Amino acid sequence: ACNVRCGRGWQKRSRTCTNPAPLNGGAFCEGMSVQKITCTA
Amino acid sequence: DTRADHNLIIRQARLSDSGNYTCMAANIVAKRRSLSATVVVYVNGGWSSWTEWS
Amino acid sequence: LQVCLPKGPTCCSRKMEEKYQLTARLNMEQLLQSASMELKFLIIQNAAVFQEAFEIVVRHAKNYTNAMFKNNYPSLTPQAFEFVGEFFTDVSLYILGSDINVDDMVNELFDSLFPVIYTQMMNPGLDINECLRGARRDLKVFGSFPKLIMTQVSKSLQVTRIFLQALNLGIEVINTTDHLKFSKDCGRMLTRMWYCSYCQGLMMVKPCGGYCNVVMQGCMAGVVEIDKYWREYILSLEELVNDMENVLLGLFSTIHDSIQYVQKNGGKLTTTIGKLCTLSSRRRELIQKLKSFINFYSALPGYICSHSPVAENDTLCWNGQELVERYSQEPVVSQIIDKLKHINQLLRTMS
Amino acid sequence: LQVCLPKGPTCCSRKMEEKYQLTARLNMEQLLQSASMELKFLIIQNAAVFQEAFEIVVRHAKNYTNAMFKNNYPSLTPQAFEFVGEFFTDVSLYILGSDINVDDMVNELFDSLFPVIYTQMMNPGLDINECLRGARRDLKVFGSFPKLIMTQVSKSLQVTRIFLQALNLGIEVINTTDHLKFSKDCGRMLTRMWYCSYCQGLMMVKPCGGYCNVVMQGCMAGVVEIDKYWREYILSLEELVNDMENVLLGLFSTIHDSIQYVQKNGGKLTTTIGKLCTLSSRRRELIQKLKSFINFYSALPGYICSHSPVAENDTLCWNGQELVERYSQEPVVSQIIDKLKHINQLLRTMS
Ligand SMILES: *[C@@H]1O[C@H](CO)[C@@H](O)[C@H](O)[C@H]1NC(C)=O
Ligand SMILES: *[C@@H]1O[C@H](CO)[C@@H](O)[C@H](O)[C@H]1NC(C)=O
Ligand SMILES: *[C@@H]1O[C@H](CO)[C@@H](O)[C@H](O)[C@H]1NC(C)=O
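The numbering scheme restarts from 1 for each chain and tracks the written sequence of that chain rather than necessarily the entry's numbering. Residues without coordinates are not displayed. In the order they appear in the text, chains get letters beginning with A and ligands get numbers beginning with 1. Values throughout refer to the chains shown here, themselves only part of a larger assembly. Think of the side-chain values as coming from all heavy atoms in the structure, minus any hydrogens and water.

- The deposited coordinates, according to the entry record, derive from X-ray crystallography at 4.000 Å resolution.

What follows is the structure, encoded as structure tokens:
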């Protein structure tokens, strides 16, 4: 939900590296883990 | 053994000999049969240790 | 029919039996997801928060080191910013599990730091650069400071790296729980327990508590064996939390003192070289919240039966085949246990 | 010590124990070879004799076909000798187990036979050879004769080939018996039963009959399971013997009649082509002698104990650890059973 009720707000989306999770020095997930977009309420 | 990615692995051609192996997919809609693979186990010819001279 | 044992007539065909089987599979998966969702979201939240917090710590420490370079050694900037940025970039890459050598980080840091110190602070006035880099280690100009920082930061960075990997593997196994495919026999038993009563024309009859118990203890015989390893995982994580913020934040003081130490012997050094050339609170709350789920795998069949519609009284209930007055009475699991054993060994070896 | 249970003192070290173990291995292998030698030589002799007898039959049949070509169709020689020799060479190669196509033998025979018939018998007077070879099959000049010979000879040649393959596989499994390596536990038990009495200073004491029985039934638990399949092998071979000499020897009459048949329509054929272009006794004695060894695998531990030095009275004997007054009381095998199952199915399908 947009944290700010009136004006510029925020919306977050998480993307974890757990399917599968790296083990014994496996290469970690490539790119970004969080996504943020500006919203107007 | 049956694998999660639909594969039939045979380690030794002894406990599972030749045959017409066929893959069949089953669903709530219907069933579908794949083209049967003719898996034949072959034994290569192996001579013998020499005998004594007559 | 191949699932619904036909005692009398029946209101359902074979295709309706397949529909009931698929709905049984989906209902079981939904119940497992509902059981695992709270713990999954707890560990996901904590993994994300700790990752961002460690990145904040690394950024703040790089900023503090850069600021103290700007303030105390303006003659070493802007080259100081380059090697500090490279050092803390490699720091973050190591924290996030990349193959980085800590000794190599510190050694490249001092290798880059010594030539600018020599050219700007000791002998004011690029091709000779490698001779200075070699003399740095050959003459041990920084004394014991490089090995001190090496151990100081390796000890904390390794425990942090293993903490993050442990959180991620817990997320992985909790994700595995709700996708556990079961036997065909269990599919048919769940179909009988949940739906086969509808084939006999009953509308609101629920299965017996004891029948749910026998069915659940029937197909969860493998999943319950994970409980020992999950408990050991929880306890080993508790062993590990009982470290990296203080070290990275004192790095600037250590580097400043090392620069003073090198400047102390400038007389001999210049001539020889001229000739020669709230975190702990968060992990505590996380462990105290994680200990509330130590019974997760052992209480799981109890959850499935206590959240499915069942006749607890075992009176006027469905026993899988008839309405009774009283009731009569690995590969994926192996991978879960393998990864739990691996992470538990890795945990226990650290502390 | 790791084999000799030291109850009192001991007269032997660990190296002497290893020597006793290797001598136990050699003694067991020698006993198995002595048990298997009579049957091995029987099957080897019969395989060799039947091979030579079949080769004699094939040579005599080729000679008879060549003689009837010399006598009845001199115009077809010497080309007739070439295709007859190639045909019977491929016959023998098929009998001896080589990948030869029977239909291809007959078809190449008639393909080679037709052009010389056309050039020397029908139209007297190298590049046009292939047009005649194609016309042979395109116009079906030989009628049903090729398919008649095809089935006639395929039926006999397949049973003879499988007879020889069965003899060879029997040789193989009987050869494997005396090379059967055993478990390490059995090695130590045989060392105790045969030699560990010498480590306790006893000179002529023999092991108890019951102790030999328990040891042998201990390490031959796998070998005894072969007995069912060996019995089925013997009986299936008996099923098969209850055929090829008469066929190969009547081949000349069949070919002569086919040549007459082709010459019968020469009028139309020439114009169209000009425009277009004691054995049975031996196998019976072999089966009757082979049925005397049907108990070979079941009587094998009895043989090992009855041919090893043992105290049959079970009085004043060695029990593996002490001298008593009275006694208290596999991958290669899988391969043997697999090949026996295969050859038995092949046998039963033939007859
Ligand atoms: C297998 O398939 C072949 C051809 O694809 C066929 O001739 C044979 O009779 C089949 N039957 C089996 C292996 O049972
Ligand atoms: C018996 O086994 C031995 C092992 O060397 C082998 O060399 C010999 O040829 C065998 N006899 C056969 C194959 O019939
Ligand atoms: C550190 O970071 C701040 C911004 O967060 C910046 O204003 C400051 O100049 C830096 N300190 C230095 C470069 O001395």
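Having seen the structure, we can now continue with the description.
## Some details on the overall build of chain B
Thinking step 1. The numbering of helices and of strands both runs from the N terminus, where a helix is a DSSP run of H or I of at least 4 residues and a strand a run of E of at least 2. Each helix and strand counted, chain B has 0 helices and 4 strands in total.
Thinking step 2. Listing each helix as α and each strand as β along chain B from the N terminus yields β-β-β-β.
Thinking step 3. For chain B, whose C-alpha radius of gyration is 20 Å, the value lies well above the compact-globule estimate of 10 Å for 54 residues.
Thinking step 4. Working definition: with a 1.4 Å probe on protein chains only, accessible area under 20% of the residue-type maximum means buried, over 50% means exposed, and in between means partly exposed. When burial is assessed residue by residue, chain B has 0% of its 54 residues classed as buried.
Thinking step 5. By definition in these notes, contact holds between two residues if any of their heavy atoms fall within 4.5 Å. Nonlocal contacts in chain B, meaning residues at least 24 apart in sequence, comprise 6% of its contacts between residues at least 6 apart.
Thinking step 6. Method for areas: the Shrake-Rupley scheme with a 1.4 Å probe, in which residue coverage is limited to the protein chains shown. Carbon and sulfur atoms form 56% of the exposed surface of chain B, whose accessible area is close to 5700 Å².
Thinking step 7. Neither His nor the chain termini are counted; the positive set is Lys and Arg, and the negative set is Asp and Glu. By convention, the charge on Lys lies at NZ, on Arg at CZ, on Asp at CG and on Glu at CD. In chain B, the 6 positive side-chain charges and the 4 negative ones have mean positions that sit 17 Å from each other. Atoms counted for the radius of gyration: C-alpha only. Globule rule: 2.2 Å times the number of residues to the power 0.38.

## Overview of the interface of chain C and chain A
Thinking step 1. In this assembly, 12 residues from chain C lie in contact with 9 residues from chain A.
Thinking step 2. Defined in terms of a 1.4 Å probe, buried area is the accessible area two parts forfeit on being brought together, summed over both. Summing the contributions of chain C and of chain A, the shared interface buries around 990 Å²; its carbon and sulfur component is 63%.
Thinking step 3. Any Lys or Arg side-chain nitrogen found within 4 Å of a carboxyl oxygen on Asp or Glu counts as a salt bridge. The tally of links from chain C across to chain A stands at 0 salt bridges.
Thinking step 4. Definition of a polar contact: a pair of N or O atoms within 3.5 Å, with one able to donate and the other able to accept a hydrogen when the atoms are protein atoms, and with sequence-neighbouring residues admitted only if both atoms are side-chain atoms. Viewed at the interface, chain A and chain C are joined by 0 residue pairs in polar contact.
Thinking step 5. Contributions of two or more residues to the side of chain C that touches chain A are made by α5 (145-177) and α14 (331-350) of chain C.
Thinking step 6. Taken together, the residues of the side of chain C that touches chain A break down into 4 nonpolar, 6 polar and 2 charged. As a working rule, the residues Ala, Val, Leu, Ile, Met, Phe, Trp, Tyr, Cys and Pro are called nonpolar, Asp, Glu, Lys and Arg charged, and the rest polar, with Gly in that last group.

## Let's talk about the pattern of salt bridges
Thinking step 1. Counted according to the given criterion, the structure contains 30 salt bridges over all chains.
Thinking step 2. Of the charged contacts, one joins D178 of chain C and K40 of chain C as a salt bridge, the two residues approaching to 3.5 Å between their closest N and O atoms. The exposure classification of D178 of chain C matches that of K40 of chain C, with both residues buried.
Thinking step 3. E52 of chain D is the partner of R59 of chain D in a salt bridge, and the nearest nitrogen-oxygen pair spans 3.7 Å.
Thinking step 4. Among the ionic contacts, a cluster of salt bridges with common partners joins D1, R3 and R11 of chain B.

## Considerations on the site of ligand 2
Thinking step 1. Taken together, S49 of chain B together with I171, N175 and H179 of chain D form the complete shell of residues around ligand 2.
Thinking step 2. Each of chains B and D places residues next to ligand 2.
Thinking step 3. The side chain of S49 of chain B places a nitrogen or oxygen atom 3.1 Å from an oxygen atom of ligand 2.
Thinking step 4. At 2.5 Å from an oxygen atom of ligand 2 is found a side-chain nitrogen or oxygen belonging to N175 of chain D.
Thinking step 5. In isolation ligand 2 exposes 350 Å². Once the protein is present, 49% of that is buried.
Thinking step 6. Among the residues forming the shell around ligand 2, the class breakdown is 1 nonpolar, 3 polar and no charged. Each residue is tested against the molecule or strand, and it is near if at least one of its non-hydrogen atoms lies within 4 Å.

## Observations concerning unusual backbone geometry
Thinking step 1. In this model, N19 of chain A is joined to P20 of chain A through a cis peptide bond whose omega is -5°.
Thinking step 2. Relative to the helices and strands, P20 of chain A resides in the loop between β1 (8-14) and β2 (34-40).
Thinking step 3. Cis geometry marks the peptide bond from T77 of chain D to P78 of chain D; its omega dihedral reads 0°.
Thinking step 4. Along the chain, the position of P78 of chain D falls in the loop between α1 (14-72) and α2 (79-95).
Thinking step 5. Non-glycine residue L316 of chain C carries a positive phi angle of around 45°.
Thinking step 6. Following the sequence through the fold, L316 of chain C ends up in strand β1 (residues 315-318).
Thinking step 7. The class for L316 of chain C is exposed, based on a relative accessible area of 54%.

## With respect to the state of the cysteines
All names here are of chain C.
Thinking step 1. The disulfide criterion used throughout: a pair of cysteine sulfur atoms within 2.5 Å. For the structure on display, the rule yields 14 disulfides over all chains.
Thinking step 2. Between the sulfur atoms of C131 and its disulfide partner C277 the distance amounts to 2.0 Å. Taking the sign of the torsion about the S-S bond as the criterion, the disulfide between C131 and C277, at about -90°, is left-handed.
Thinking step 3. The exposure class of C131 is partly exposed, given its relative accessible area of 27%.
Thinking step 4. The disulfide partner of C212 is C305, and the S-S distance across this bridge is 2.1 Å. Every disulfide takes its handedness from the sign of the S-S torsion; for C212 and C305 that torsion is -100°, giving left-handed.
Thinking step 5. The exposure class assigned to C212 is buried, which follows from its relative accessible area of 0%.
Thinking step 6. Ordering the disulfide-forming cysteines of chain A by sequence position, one finds them joined as 1-4, 2-3.

## Quick notes on the pairing of β1 of chain C
Every regular strand shows the same layout, with side chains that alternate between the two sheet faces.
All names here are of chain C.
Thinking step 1. Only strands joined by at least two bridges in the DSSP assignment are considered to pair. In the sheet, β1 pairs with strand β2 (residues 323-326) via 3 bridges, with the strands oriented antiparallel. Across the sheet, residue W318 finds its bridge partner in β2, namely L323.
Thinking step 2. Connecting β1 to the antiparallel partner β2 that follows it, the hairpin turn spans 4 residues, and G320 within it adopts a positive phi of roughly 95°.

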